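Structural overview for review
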There are 2 protein chains.
Amino acid sequence: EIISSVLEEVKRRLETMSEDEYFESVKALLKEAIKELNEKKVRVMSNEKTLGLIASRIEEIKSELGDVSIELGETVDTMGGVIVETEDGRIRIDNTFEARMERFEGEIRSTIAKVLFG
Amino acid sequence: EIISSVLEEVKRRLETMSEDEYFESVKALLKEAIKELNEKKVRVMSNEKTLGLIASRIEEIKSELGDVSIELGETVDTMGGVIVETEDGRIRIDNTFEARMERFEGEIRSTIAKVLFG
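About the thresholds
- Sequence positions in this view are assigned from 1 along each chain in the order the sequence is written. Entry numbering can differ, and residues without coordinates are absent from the display.
- Written order decides the labels, with chains lettered from A and ligands numbered from 1.
- Neither water nor hydrogens contribute to the side-chain values; these are computed over all heavy atoms in the structure.
- UniProt positions are given in the numbering used here, feature names are shortened, and annotations may be inferred rather than shown by experiment.
- Simply put, an axis is a line fit to the C-alpha atoms, just over the touching stretch for a helix, and the angle between two N-to-C directions goes from 0 to 180 degrees.
- Helix and strand definitions here come from DSSP, where helices need a minimum of 4 consecutive H or I residues and strands a minimum of 2 consecutive E residues; each element is numbered from the N-terminal end.
- Angles are sorted into four bins: roughly parallel if under 35 degrees, roughly antiparallel if over 145, roughly perpendicular if 65 to 115, and oblique for all others.
- Two residues form a contact once any of their heavy atoms are found within 4.5 Å.
- For this scheme, ten residues count as nonpolar: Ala, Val, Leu, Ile, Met, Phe, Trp, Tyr, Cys and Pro. Four count as charged, namely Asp, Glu, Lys and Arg, and the remainder, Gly too, count as polar.
- Between copies, superposition is a least-squares fit restricted to the C-alpha atoms.
- Type-normalised accessible area, obtained with a 1.4 Å probe on protein chains alone, sets the label of each residue: buried when under 20%, exposed when over 50%, and partly exposed for intermediate values.
- Note on terms: buried area is the combined drop in 1.4 Å-probe accessible area of two parts once they are placed together, counting the loss on both.
- Every case where a carboxyl oxygen of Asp or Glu lies within 4 Å of a side-chain nitrogen of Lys or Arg is listed as a salt bridge.

As recorded by the PDB entry, chain A carries the name V-type ATP synthase subunit E and is attributed to Pyrococcus horikoshii. Per the PDB record, the entry is named "Crystal Structure of PH1978 from Pyrococcus horikoshii OT3 (form II)". In its Subunit section, the UniProt entry covering chain A states "Has multiple subunits with at least A(3), B(3), C, D, E, F, H, I and proteolipid K(x)."

Right under this line is the structure:
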């Protein structure tokens, strides 16, 4: 439940976020996933808006990310972020805000521990 | 609002917390506030349950905390933690879970930033 509540704060911040700021998130999460897969050709999935951004700014993405090839995949219901997989679909990395918040849960718990026990 | 939602997680954890674990929180927050005030005689305020614990385990508190004198003050509506002030009331330190969560907000924001931008 704490994961859900923190994601509501994320969704509040996304409510006024400019496209340029959101794109910085897109590039960072894309790059991280692509580095991990260590492949030049990948398929990306996210919500409609995000895939539209990636398509619109592919030049900017290739400049900052190096020599990688991206193919849009199916749209998925997500608040943001990206799911990146090898072209053959064998390996998939989930970098959606929902999955990332779950993985960062430990950090929220460290904060709570500090509040309680210092 | 994010502060309120994280405090709901704190309140969930307090729902099953044993007296001994809660007392570790009490001692830690009391000690921190007393060190800051750097005074031997202080007055403490918290909810009824907490003041009752402090009263019941004053020996344990004095052993782990050194030579300090504590006087119970008025009960305040709080989830837990303590408010400690000099006997003359001139200086007061707010170490209630509510105040501490507010002060740790920045930590929750660092986590959110990581989720969004890595």
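A few words now on the packing of helix α6 (residues 105–117) of chain A against helix α6 (residues 105–117) of chain B. Look at α6 of chain A against α6 of chain B: their axes get within 9 Å of each other, and the N-to-C directions meet at 175°. Relative to α6 of chain B, α6 of chain A is oriented roughly antiparallel. Across the interface between the two elements, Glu-107, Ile-108, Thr-111 and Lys-114 of chain A of α6 of chain A pack against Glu-107, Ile-108, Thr-111 and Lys-114 of chain B of α6 of chain B. Of the residues contributing to the contact of α6 of chain A with α6 of chain B, the split by class is two nonpolar, two polar and four charged.

Attention shifts here to the relation of the copies chain B and chain A. The relation between the two copies of this chain is a rotation about an axis and a shift parallel to it. Take chain B, turn it by 180°, move it 0.0 Å along the axis, and it overlays chain A with an RMSD of 0.0 Å. When the rotation and shift are considered jointly, the pair of chain copies conforms to a two-fold rotation axis. A high fraction, 100%, of the interface residues of chain B reappear at the interface in chain A, so the copies pair face to face through one surface.

Our focus in this paragraph is unusual backbone geometry. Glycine aside, negative phi is the norm for most residues, and most peptide bonds take the trans geometry. All names here are of chain A. A positive phi angle is found at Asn-38, which is not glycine, with a value near 55°. With respect to the element layout, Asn-38 can be found in the loop between α2 (19–37) and β1 (41–45). Look at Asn-38 and you get exposed, because its relative accessible area is 58%.

Let us look at the interface of chain B and chain A. The interface of chain B with chain A comprises 29 residues on the first partner and 29 residues on the second. Interface area, chain B with chain A, both sides summed: about 2700 Å², of which 69% is carbon and sulfur. Contact with chain A buries area across many residues of chain B, yet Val-115, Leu-116 and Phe-117 of chain B alone supply 26% of it, more than any other trio. At the surface where chain B touches chain A, the tally comes to six salt bridges. With a closest N to O distance of 3.8 Å, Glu-9 of chain B and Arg-109 of chain A form a salt bridge. Of all the secondary structure elements, the ones that give two or more residues to the side of chain B that touches chain A are α1 (2–16), α2 (19–37), α5 (97–103) and α6 of chain B. Ranked by residues supplied to the side of chain B that touches chain A, first place goes to α6 of chain B with nine residues. Class assignment of the residues belonging to the side of chain B that touches chain A gives a composition of 15 nonpolar, four polar and 10 charged.

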